[PDB]
Asker: 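This is the structure I have questions about; it appears just below.
Just so you know, ligand 1 is whichever comes first in the structure, and atom 1 is the first atom listed for that ligand. Numbered from 1 within each chain, the chains take letters A, B, ... in sequence-line order.
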Amino acid sequence: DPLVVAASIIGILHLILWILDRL
Amino acid sequence: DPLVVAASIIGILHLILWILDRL
Amino acid sequence: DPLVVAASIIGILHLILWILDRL
Amino acid sequence: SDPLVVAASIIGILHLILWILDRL
Ligand SMILES: C[C@H](N)[C@]12C[C@H]3C[C@H](C[C@H](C3)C1)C2
């Protein structure tokens with residue numbers, strides 16, 4: 001499902017940003 | 001599956017909100 | 001997939017916790 | 001079995017762990 005695939009990419013991005021935001 | 005679809009929408013929302021919370 | 005169903009529930013939970021902490 | 005979706009699932013579970021530990 002493209003909605004699930006899109007949420008997958010976004011959740012990967014979210015953790016990257018959250019880690020960078022804590023660094 | 002409705003639960004996976006719901007979490008997908010919710011994860012999209014989550015990142016939007018978090019980004020805004022930092023801006 | 002139990003990983004995907006589990007991450008769905010956990011993702012819903014994470015957003016609920018973020019909102020509560022925000023509110 | 002989509003590796004994107006499995007990866008994001010694993011990452012989403014870790015994200016919550018980090019958030020909770022950062023909360024506690
Ligand atoms: C909401 C999660 N980040 C989640 C992770 C995986 C991708 C999508 C759907 C579900 C599995 C739940 C988003």
Asker: In terms of the angle between their ring planes, are D:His15 and A:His14 parallel, tilted or perpendicular, with boundaries placed at 30° and 60°?
Answerer: perpendicular
Asker: Could you list which atoms of ligand 1 come closer than 4.0 Å to a heavy atom of A:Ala7?
Answerer: 8 (C), 13 (C)
Asker: How far is atom 3 (N) of ligand 1 from its nearest protein heavy atom, and which residue and atom name does that atom have?
Answerer: A:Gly11 CA, 4.7 Å
Asker: Does atom CZ of B:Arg22 have more than 12 heavy-atom neighbours, drawn from other residues, nucleotides or ligands, at distances under 6.0 Å?
Answerer: yes
Asker: Once you round to the nearest 0.5 Å, how far does CG of C:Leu15 lie from CH2 of B:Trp18?
Answerer: 14.0 Å
Asker: Under a 4.0 angstrom heavy-atom cut-off, which atoms of ligand 1 come close to C:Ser8?
Answerer: 10 (C), 12 (C)
Asker: Specify the closest pair of heavy atoms between D:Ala7 and A:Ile12, including all atoms of both residues, with the distance to one decimal.
Answerer: CB-CD1, 4.5 Å
